[PDB]
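Order of the sequence lines sets the chain letters (A, B, ...), proteins ahead of strands, with each chain counted from 1.
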Amino acid sequence: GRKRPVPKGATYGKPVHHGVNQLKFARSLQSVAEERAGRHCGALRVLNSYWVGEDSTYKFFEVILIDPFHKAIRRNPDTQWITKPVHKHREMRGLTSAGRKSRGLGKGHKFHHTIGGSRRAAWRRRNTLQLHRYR
Amino acid sequence: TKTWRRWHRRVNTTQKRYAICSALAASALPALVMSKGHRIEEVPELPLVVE
Amino acid sequence: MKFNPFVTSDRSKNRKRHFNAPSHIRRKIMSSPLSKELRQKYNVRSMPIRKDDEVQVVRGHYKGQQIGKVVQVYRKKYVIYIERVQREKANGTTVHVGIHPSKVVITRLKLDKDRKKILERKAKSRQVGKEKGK
Amino acid sequence: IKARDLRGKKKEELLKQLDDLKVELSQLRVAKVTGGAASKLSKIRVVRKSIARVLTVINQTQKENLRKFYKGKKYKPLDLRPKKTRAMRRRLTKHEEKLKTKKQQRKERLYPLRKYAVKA
Amino acid sequence: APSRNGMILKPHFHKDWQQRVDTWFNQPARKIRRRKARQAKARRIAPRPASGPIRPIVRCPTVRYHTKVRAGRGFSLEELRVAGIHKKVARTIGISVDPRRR
Amino acid sequence: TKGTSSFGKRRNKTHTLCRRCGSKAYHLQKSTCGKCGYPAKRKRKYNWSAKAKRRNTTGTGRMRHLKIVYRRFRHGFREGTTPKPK
Amino acid sequence: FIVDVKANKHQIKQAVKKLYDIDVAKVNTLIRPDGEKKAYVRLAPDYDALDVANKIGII
Amino acid sequence: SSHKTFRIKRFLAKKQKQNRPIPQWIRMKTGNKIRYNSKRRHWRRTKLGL
RNA sequence: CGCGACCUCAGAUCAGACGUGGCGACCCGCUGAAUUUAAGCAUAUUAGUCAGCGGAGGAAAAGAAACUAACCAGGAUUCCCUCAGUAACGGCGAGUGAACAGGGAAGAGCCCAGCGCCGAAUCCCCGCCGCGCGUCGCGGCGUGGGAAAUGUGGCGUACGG
RNA sequence: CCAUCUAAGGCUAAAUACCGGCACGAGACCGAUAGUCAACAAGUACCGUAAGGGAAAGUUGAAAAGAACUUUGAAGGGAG
RNA sequence: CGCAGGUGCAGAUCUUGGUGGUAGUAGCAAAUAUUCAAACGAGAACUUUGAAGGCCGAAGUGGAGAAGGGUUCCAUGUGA
RNA sequence: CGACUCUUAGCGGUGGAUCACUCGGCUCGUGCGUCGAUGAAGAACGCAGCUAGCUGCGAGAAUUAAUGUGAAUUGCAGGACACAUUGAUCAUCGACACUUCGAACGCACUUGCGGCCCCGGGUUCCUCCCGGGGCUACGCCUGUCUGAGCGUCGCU
Ligand SMILES: [Zn+2]
């Protein structure tokens with residue numbers, strides 16, 4: 001899990017925010033594997049990742065990367081999308097398959113917190129006061 | 001001062017049509033038109049109609 | 001009334017453009033009317049003032065029928081200097097009095113290839129407009 | 001001196017003219033520190049701008065010759081290959097942008113968009 | 001706070017609403033821009049109807065609205081087949097297609 | 001003792017001029033800038049100081065490259081061509 | 001002379017020799033509080049500083 | 001002190017050269033608004049940022 | 001126990017490329033208080049908000065149902081009106097609080113992996129020639145290298161093929 | 001029992017957003033103690049070791065025609 | 001005649017600026033001390049030269065450096 | 001008688017209110033919507049005949065070239081431009097040029113110290129001295145070369 005990085009375990013404030021020890025990260029262990037591969041290999045594009053192994057202390061994943069400036073990639077129309085600038089660091093924006101799972105998006109009644117594209121998008125829409133010209 | 005002050009007013013369509021009818025009726029009375037300072041003399045007919 | 005949505009009628013914007021206009025825009029701003037005889041010869045109403053132009057002053061203290069020669073076009077000050085339009089300082093020396101070119105009338109214009117070319121352009125454009133109206 | 005008159009000249013005489021201008025400019029700066037005439041001080045601006053004019057012609061001719069030499073070569077110096085914007089140099093060329101898969105081409109040929117109207 | 005008779009009001013102004021206020025002074029501007037987009041699109045597809053493809057007749061799915069009929073997303077594969085129109089040529093003709101309608 | 005007497009001992013210098021931002025905020029013993037965080041690759045910037053950002057944002061300096069880019073954008077970033085000769 | 005700040009004694013000696021056709025014995029260098037570099041160029045015994053100064057025009 | 005670096009000396013050189021009074025002909029320029037150098041710095045009164 | 005092949009690794013100022021930093025109003029992923037209200041206060045509220053971190057684009061994100069509904073059924077996403085201060089949550093206190101249907105703005109759909117058939121049909125690089133040539137694509141040839149059977153390409157993806 | 005869809009792979013324009021940037025237009029807004037801190041050599045002068053803090057300050061006259069010359073005073077400053 | 005407000009000040013130890021009485025008042029009292037003559041000069045208790053009388057009394061009121069200052073160093077001129 | 005004090009008015013002054021003005025703001029709206037290892041943003045230091053600051057610029061430094069324009073710039077001076085054997089000024093701006101730091105890039109942040117390959121001058125293949133030029137950062141992709149392994153094997 002995620003231990004809160006507070007000195008001596010002292011979260012100053014109200015008791016509801018005193019938790020230090022049984023807190024959990026919002027993103028999966030697979031997402032942080034993709035994020036660490038992308039940060040090191042800045043010139044590459046994270047495509048996807050999968051599980052390979054597991055220990056009591058470590059989890060092992062394998063990440064697929066695409067060199068977006070190789071001619072075999074940007075001469076093939078079926079893979080020219082990864083070369084577009086809007087697909088830089090998908091792993092850091094939660095656009096890979098592992099990253100999307102933590103965002104809580106989908107279709108139907110289980111997913112209404114992200115009914116406008118994201119949690120922040122939905123929050124902003126229902127927390128903005130519409131003042132028309134004719135009120 | 002804030003931009004979301006109410007700047008605009010909506011009037012009922014029937015009342016807006018009422019105001020136009022009243023304005024048209026008054027425009028045909030020479031006393032009311034002269035009371036606006038519109039120098040209507042030597043004008044042959046106040047409801048002036050030209051081809 | 002102006003209809004162009006890209007032309008400003010704003011006071012501050014029009015004054016700002018006038019007062020820090022570049023030199024070549026100050027040239028056309030400092031235009032003066034041609035004489036009645038010159039307007040009859042060339043079908044042109046006004047020309048930008050230029051050095052060695054013979055003008056007469058029609059407004060101000062130095063108005064008259066005297067013809068003088070433009071000796072300086074101080075575009076930064078938006079004034080021109082004429083031969084006889086002058087006064088005396090306290091010391092005794094003589095200084096020119098700046099006259100805005102909108103207050104003078106050109107009686108003879110210095111003629112060269114560039115001046116003939118823009119005289120013909122202004123006459124051709126006006127003649128086209130008269131024909132279009134007719 | 002005029003730039004257009006310098007273009008019909010060889011590199012050696014352009015270098016000779018540049019040398020005479022620098023020698024003259026050195027002489028004028030001597031006059032500046034020894035209380036020289038106002039006519040000599042005003043010539044410093046003139047001679048300085050001629051040196052710029054000559055060096056402009058030499059540099060422009062040299063760059064033009066390099067562009068002609070590297071024309072058609074697969075690899076050019078970074079000084080010569082076009083400078084637009086880092087982002088535009090990353091983007092796909094016009095040819096690869098219009099490349100289509102055989103599946104896409106079949107779709108366009110078999111079911112093209114049609115021009116049609118509906119009567120009232 | 002309360003003074004004699006009144007309504008127990010619960011206004012939702014406890015959440016720093018002044019940072020998120022949507023004013024509609026650009027409403028007339030977005031009507032002209034939407035209108036000019038329609039006119040440009042109509043010219044670009046000039047002979048075509050400029051109102052989109054033909055939509056099917058659809059019944060509204062609830063007791064409150066099952067007496068009314070509106071336009072659907074597209075003609076289903078079953079009605080396209082009975083009419084004898086290929087599902088890959090309907091879009092070119094100007095026929096909307098909804099493969100997921102029963 | 002604290003006060004005027006203690007101010008007489010002020011003869012050292014905790015900070016020196018910085019080689020990246022130019023302010024006298026380069027700590028000598030820590031070898032780091034309190035204004036821009038120079039040895040760090042990213043500049044020091046915070047949202048709690050809106051005044052601080054405005055002092056050192058884009059547009060406060062020459063903008064040697066950016067001002068030509070603004071001019072060049074108006075013509076499509078053309079290059080390799082010259083106007084027609086006389 | 002006043003010389004460029006990015007100029008050492010070897011460059012100063014070679015330059016003075018090149019444009020004035022004189023031999024240099026030694027060069028001493030100073031940076032003034034104005035910011036410019038001052039060079040004290042002692043000439044060879046064969047050459048006379050006053051004659052060189054006349055030809056340059058500083059006197 | 002006498003012991004100073006090149007960077008500091010060049011910094012002091014610039015402040016020395018910019019501590020001069022306004023030239024007299026500037027007052028005669030058309031549309032002039034400067035009457036004196038308001039950025040004059042005295043060594044004893046105001047100390048340098050260094 | 002020398003010479004080969006493959007595998008897994010290493011070094012190179014090797015030939016070509018690519019990333020870093022800035023701006024950050026709008027956008028995406030995290031992390032994340034307390035002042036305040038409750039006339040005290042701890043849950044709650046403030047608030048998934050301020051501050052902190054990372055990543056972009058002219059938009060971003062989302063997106064073509066493991067959907068809604070229960071009807072005589074609708075039919076990707078996004079936005080506006082309404083639903084609605086409602087269903088629901090809450091020391092059921094203070095307070096918080098959506099969605100479906102309906103009307104509009106816009107409207108557009110598609111692709112693999114898998115299962116198969118086709119003598120790897122496929123791709124990168126390097127030369128030469130015919131070209132074309134605004135700063136680079138085409139055809140051939142290569143008794144030219146490499147990748148790829150630990151699977152490239154063509155057909156085909158739930159609406160079936 | 002019925003209804004509905006086919007997860008754990010992928011791409012996609014438009015309608016939507018925009019207190020930064022480049023150009024524009026306008027206003028029942030303010031009119032130099034106001035309006036941006038900043039109409040002016042303003043994020044300047046100056047202050048703090050530093051993070052940071054941060055001003056005051058517009059108007060001769062249409063045109064300098066900005067008072068030549070005489071006179072008292074060492075001059076500032078006066079009288080003509 | 002109507003329309004719309006950032007629409008009326010004696011107070012807020014109110015904010016910014018300006019000004020009084022106090023008041024020609026307090027004060028210009030820490031470390032012994034000045035005098036005569038001359039020069040320059042419009043002008044001298046205070047500058048300079050000379051002659052007297054005194055002080056620091058080598059852990060100095062001396063001669064040099066380090067930090068720090070940054071042109072304060074030197075010459076000439078001015079006396080706002 | 002004065003003086004002094006108080007009040008009022010006239011005139012004169014320590015003062016800068018009021019009024020009039022505004023190349024400034026603020027707000028709304030529209031169109032675009034573009035930085036950077038080909039070195040950005042931001043700093044530093046320089047550059048004018050006389051020029052401190054602001055501004056503009058970079059050793060070609062208050063600007064070169066090119067195109068358009070068509071007789072100025074201006075505070076003083078000086079000399080262009082004979083105002084077509086084609087051009088002052090200004091604007092535009094596609095050519096050229098663009099010092100030192102800075103993601104900052106040979107190592108290091110002191111005008112410190114290198115290395116490899118070339119060029120010129122002293123001597124002559126000491127590369128010994130001086131000057132100049134090109135390279136010399138991290139990560140990472142495809143390919144290339146050189147390798148390692150009691151890794152798996154084959155021929156010996
Ligand atoms: Zn710094």
Tabulated below should be each protein N or O lying under 3.5 Å from an N or O of nucleotides 119-126 of chain I; please produce it.
from, atom 1, to, atom 2, distance (Å)
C124(I), OP1, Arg75(A), NH1, 2.9
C125(I), OP2, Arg75(A), NH1, 3.0
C126(I), OP1, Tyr75(D), OH, 3.2

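- Contact annotation: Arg15(C) does not reach the phosphate of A39(J) (side-chain N/O to OP1 or OP2, under 4.0 Å).
- If you find the closest nucleotide of RNA chain L to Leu44(A) and to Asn19(H), the one lying nearer the 5' end belongs to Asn19(H).
- Pairing check for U8(I) against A148(L): the Watson-Crick or wobble criterion is satisfied, both distances under 3.5 Å.
- Along RNA chain I, the nucleotide nearest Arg27(A) and the nucleotide nearest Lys76(D) are compared for position; the residue whose nucleotide lies closer to the 5' end is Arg27(A).
- Using a 4.0 Å cut-off, some side-chain N or O of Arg55(F) falls inside it from OP1 or OP2 of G53(J).
- Taking 4.0 angstrom as the limit, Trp123(A) places a side-chain polar atom (N or O) nearer than this to OP1 or OP2 of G48(I).
- Using a 4.0 Å cut-off, no side-chain N or O of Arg33(E) falls inside it from OP1 or OP2 of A14(J).
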Between the protein and nucleotides 36-43 of chain I, list every N/O to N/O distance that falls short of 3.5 Å.
from, atom 1, to, atom 2, distance (Å)
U36(I), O4, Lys14(A), NZ, 3.1
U43(I), OP1, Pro15(A), N, 3.3
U43(I), OP1, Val16(A), N, 2.9

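- Residue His12(E) has a polar side-chain atom (N or O) positioned under 4.0 Å from OP1 or OP2 of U96(I).
- Looking at residues two or more places apart in sequence or on another chain, you find a side-chain contact (heavy atoms from CB on, under 4.5 Å) between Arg53(D) and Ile1(D), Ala3(D), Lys49(D), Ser50(D).
- At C67(I), none of the side-chain N or O atoms of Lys110(A) fall inside 4.0 Å of OP1 or OP2 (strictly under the cut-off).
- The side chain of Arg100(A) contributes an N or O atom lying less than 4.0 Å from OP1 or OP2 of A62(I).
- Within the structure, every side-chain polar atom (N or O) of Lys84(A) is placed at least 4.0 Å from both OP1 and OP2 of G58(I).
- In terms of polar N and O atoms assigned as donor or acceptor, the side chain of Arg54(F) never comes within less than 3.5 Å of the base of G20(J) in a complementary pairing.
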Check: protein-nucleotides 56-61 of chain J nitrogen or oxygen pairs below 3.5 Å:
none

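- Within the 4.0 Å cut-off from OP1 or OP2 of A17(I), at least one side-chain nitrogen or oxygen of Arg81(D) is found.
- Note on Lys15(E): every side-chain N or O is 4.0 Å or more away from OP1 and OP2 of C50(I).
- Remark: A95(L) pairs with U64(L), satisfying the Watson-Crick or G-U wobble criterion at under 3.5 Å for both atom pairs.
- Exactly one of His87(A), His89(A), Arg103(A) qualifies for a side chain to side chain contact (heavy atoms under 4.5 Å, CB included) with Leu95(A). That residue is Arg103(A).
- When the side-chain nitrogen and oxygen atoms of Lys107(A) are compared with OP1 and OP2 of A76(I), none of them lie within a distance under 4.0 Å.
- Whole-Å rounding puts the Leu105(A) CG to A60(I) P distance at 17 Å.
- When heavy atoms are screened at a 4.0 angstrom cut-off, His109(A) is found touching the sugar-phosphate backbone but no base atom.
- No Watson-Crick or G-U wobble pair links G21(I) with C50(I) when both atom distances must be under 3.5 Å.
- Residue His87(A) places at least one side-chain N or O under 4.0 Å from the OP1 or OP2 atom of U12(J).
- Candidate nucleotides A63(J), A51(I), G74(I) were compared by shortest atom distance to the side chain of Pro61(E), and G74(I) ranks first.
- Put simply, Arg42(F) has a side-chain N or O that comes within less than 4.0 Å of OP1 or OP2 on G21(I).
- The bases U122(I) and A147(I) are paired, Watson-Crick or G-U wobble, with both atom distances under 3.5 Å.
- Between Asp67(A) and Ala40(F), the residue anchored nearer the 5' end of RNA chain L, judged by the nucleotide with its closest heavy atom, is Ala40(F).
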> Nucleotide by nucleotide, 5' to 3', does protein get under 4.0 Å of the base (B), only the sugar-phosphate (S), or neither (-) in nucleotides 147-161 of chain I, counting heavy atoms?
Replying inline: -------SSBS-B--
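- Nearer the 5' end of RNA chain I, as judged by each residue's closest nucleotide, is the contact made by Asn47(F), out of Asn47(F) and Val69(E).
- Residues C9(I) and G147(L) show canonical Watson-Crick or G-U wobble pairing, with both defining distances under 3.5 Å.
- The side chain of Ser1(H) contributes an N or O atom lying less than 4.0 Å from OP1 or OP2 of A67(K).
- Side chain of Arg70(E), nearest nucleotide from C72(I), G74(I), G97(I): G74(I).
- For RNA chain L, the outermost nucleotides in 5' to 3' order that have an atom under 4.0 Å from a heavy atom of chain F are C32(L) to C109(L).
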